[PDB]
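So you can see what is in the structure, the chains are spelled out below.
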Amino acid sequence: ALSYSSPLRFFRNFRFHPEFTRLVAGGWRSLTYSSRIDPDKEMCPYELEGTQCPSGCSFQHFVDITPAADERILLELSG
Amino acid sequence: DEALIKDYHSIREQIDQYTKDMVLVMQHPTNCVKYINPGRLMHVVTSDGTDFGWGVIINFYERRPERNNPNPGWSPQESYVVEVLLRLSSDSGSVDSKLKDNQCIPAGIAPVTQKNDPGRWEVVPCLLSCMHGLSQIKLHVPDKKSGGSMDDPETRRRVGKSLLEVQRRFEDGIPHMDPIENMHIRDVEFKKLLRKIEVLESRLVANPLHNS
Ligand SMILES: [Zn+2]
């Protein structure tokens, strides 16, 4: 059946699409639609190289922009 | 049901028209030079449609016409050049660094098109007319007084390969800058443009052909 990709699919409001879960593999937890990217910070060059950041490294890291994992959060809440 | 086919494609035509109107606004210099920042990612696509993928913005300068051609009739989107690091095919030739009055990208280059082609990371000049995305993502790139430079091919392959690490990590795609929330494009016409596209999309799915 006939298919078509919205020119608005990369913009923030695409998250309010009713089929959003269906067309983006990651769903709300997909990094592609994360609300946590600071557009003026630089991603860590050490992280991308795969080498260990120095202590206190203040580049933007992937952990900064990745949503919390509900398994860790359901964990913390108990006890 | 031929009346209903004609409606479906009428909608698609209207959405295509409004889509090029929208792209023009976001490519316009007064709306995007603020965000043409060294290290920000940029999706480069030629007017004819060859897709060079994502690259790293290195520099951007105002375009200057040739001596013999004072008024070259450039549009606003053809009046600025962004120097972008792109992954070219090893097949692709030498990167001439200045564009002629009639070119949007250099003449002898092409994107990577074969597997077991690693590519070659080169800095390529592009008109704003070839910008089809700005990312929220910024890589770190050397600058004046940082002691590095993108003239070193080895630095280009170092930065280049991190951009492929970013794309590997972004399974669902590199995240775009939002024209409203990130670029704060105030134009009332642009505001209406995005709503016009949405209501037309609602019209288009209402049509049997969508799932036929
Ligand atoms: Zn780091």
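Rules behind the numbers
Residues numbered from 1 in each chain as written, not as in the entry; some residues may be left out. Chains lettered and ligands numbered in written order. Heavy atoms only, no water. Helix = DSSP H or I, 4+ residues; strand = E, 2+ residues; numbered from the N terminus. Rg over C-alpha atoms; globule rule 2.2 N^0.38 Å. Buried < 20%, exposed > 50% of the residue type's maximum accessible area, 1.4 Å probe, protein only. Contact = heavy atoms within 4.5 Å. Areas by Shrake-Rupley, 256 points an atom, 1.4 Å probe, with all protein chains shown as cover. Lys, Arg positive; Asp, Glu negative; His and termini not counted. Charge placed at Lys NZ, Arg CZ, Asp CG, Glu CD. 1 Å grid on protein atoms, 1.4 Å probe; cavity = no way out; pocket = protein on both sides within 12 Å on 5 of 7 lines; lining within 4 Å. Points joined across faces, edges and corners; volume = space filled by probe spheres on them. Nonpolar A, V, L, I, M, F, W, Y, C, P; charged D, E, K, R; others polar. Expected span 1.5 Å × (residues − 1). Arc of directions from axis to C-beta. Polar contact = N/O pair within 3.5 Å; in protein donor to acceptor, adjacent residues only side chain to side chain. Donors = N, O, S within 2.8 Å, 3.2 Å for Na, K, Ca; no water. Tetrahedral: all angles 85-135°; square planar, octahedral: opposite > 155°, others 65-115°. Pairing = 2+ DSSP bridges. Axes fitted to C-alpha atoms, helices over the stretch in contact; angles between N-to-C directions.

Method of determination for the deposited model, per the PDB record: X-ray crystallography, at 2.7500 Å resolution.

1. What about the overall build of chain A?
The helix and strand tally for chain A stands at 4 helices and 0 strands. Along chain A, helices and strands appear, N-terminal first, in the series α-α-α-α. Over its C-alpha atoms chain A spans a radius of gyration of 17 Å, topping by over 25% the 12 Å that the globule rule assigns to 79 residues. The dimensions of chain A, computed from C-alpha atoms along their principal axes, are 50 × 35 × 20 Å. Across the 79 residues of chain A, 29% fall into the buried class. For chain A, restricting intrachain contacts to residue pairs at least 6 apart in sequence, the fraction spanning at least 24 positions comes to 25%. For chain A, the exposed surface amounts to about 5300 Å²; the carbon and sulfur share of it is 54%. Averaging the positions of the 8 positive and the 10 negative side-chain charges in chain A gives two centres separated by 9 Å.

2. Describing empty space enclosed by the protein
Applying the stated criterion to the full structure yields 1 cavity of 30 Å³ or more. If you add up the space inside the largest cavity, you get close to 70 Å³. Lining the largest cavity, in full, are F10(A), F11(A), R12(A), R15(A), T32(A), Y33(A), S34(A), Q136(B), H176(B), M177(B) and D178(B). Class assignment of the residues belonging to the lining of the largest cavity gives a composition of 4 nonpolar, 4 polar and 3 charged.

3. Brief notes about helix α3 (residues 153–169) of chain B
Residues and elements named next belong to chain B. Here α3 spans 25 Å end to end across 17 residues, near enough to the 24 Å set by a 1.5 Å rise per residue. Residues of α3 that are buried: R156, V159, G160, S162, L163 and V166. The arc that holds every buried residue of α3, seen down its axis, measures 160°, which confines them to one face. Opposite the buried face of α3, by more than 90 degrees, sit the exposed residues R158, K161 and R168. Two to three positions downstream of the cap, the backbone nitrogen of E154 sits 2.9 Å from a side-chain oxygen, assigning the N-cap of α3 to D152.

4. Some details on the layout of surface pockets
One number sums up the size of the largest pocket: a volume of about 920 Å³. Every residue lining the largest pocket is counted, 33 residues in all, and those nearest its centre are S6(A), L8(A), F14(A), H17(A) and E201(B). Counting residues per element, the lining of the largest pocket draws most heavily on helix α4 (residues 188–205) of chain B, at 8 residues. For the lining of the largest pocket, the class distribution of residues is 16 nonpolar, 8 polar and 9 charged.

5. Details of the coordination of the zinc ion
Residue and element names in this part refer to chain A. Coordination sphere of the zinc ion, protein contribution only: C44 (SG), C53 (SG), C57 (SG) and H61 (NE2), at 2.1 to 2.3 Å. For the zinc ion, the 4 donor atoms in the first shell make angles of 99 to 130° at the metal, a pattern classed as tetrahedral. Each donor residue of the zinc ion belongs to the same chain, and together they define the spacing C-x8-C-x3-C-x3-H. Taken as a pair, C44 in the loop between α1 (20–23) and α2 (45–49) and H61 in the loop between α2 and α3 (62–65) lie far apart in primary sequence, 17 residues in all. As far as the burial class goes, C44 and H61 line up, both buried.

6. Topic: the pairing of strand β3 (residues 80–88) of chain B
Residues and elements named next belong to chain B. Across 6 bridges, the pairing between strand β2 (residues 51–62) and β3 is antiparallel. If you follow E62 over to β3, its bridge partner there is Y80. As defined by bridge partners, β3 adjoins strand β4 (residues 120–127) across 8 bridges and the pair is classed as antiparallel. Residue pairing in the sheet places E83 in a bridge with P125 of β4.

7. Topic: the sheet that holds β2(B)
Residues and elements named next belong to chain B. Reading across from one edge, β4-β3-β2-β1-β5 is the order of the 5 strands in this open sheet, with antiparallel pairing throughout. Every other strand in the sheet has two partners, leaving β4 and β5 (131–138) as the edge strands with one partner each. Neighbour to neighbour, the strand axes of the sheet diverge by 35° on average, direction disregarded. The pairing of strand β1 (residues 40–45) with β2 spans 4 bridges and is classified as antiparallel. Pairing of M42 across the sheet is with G55, part of β2. Each of β1, β2, β3, β4 and β5 is contacted by α3, which is oriented at about 80° to β4, the strand it contacts most.

8. Quick look at the environment of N31(B)
Residue and element names in this part refer to chain B. In this structure, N31 sits in helix α2 (residues 29–32). Here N31 falls in the buried class, since its relative accessible area comes to 15%. For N31 and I185, which are 154 residues apart along the polypeptide, the C-alpha to C-alpha distance reads 6.5 Å. In this view, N31 contacts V25, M183, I185 and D187; residues no more than four positions away in its chain are not counted. Of the polar contacts made by the side chain of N31, one reaches the backbone oxygen of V25; its length is 3.2 Å.

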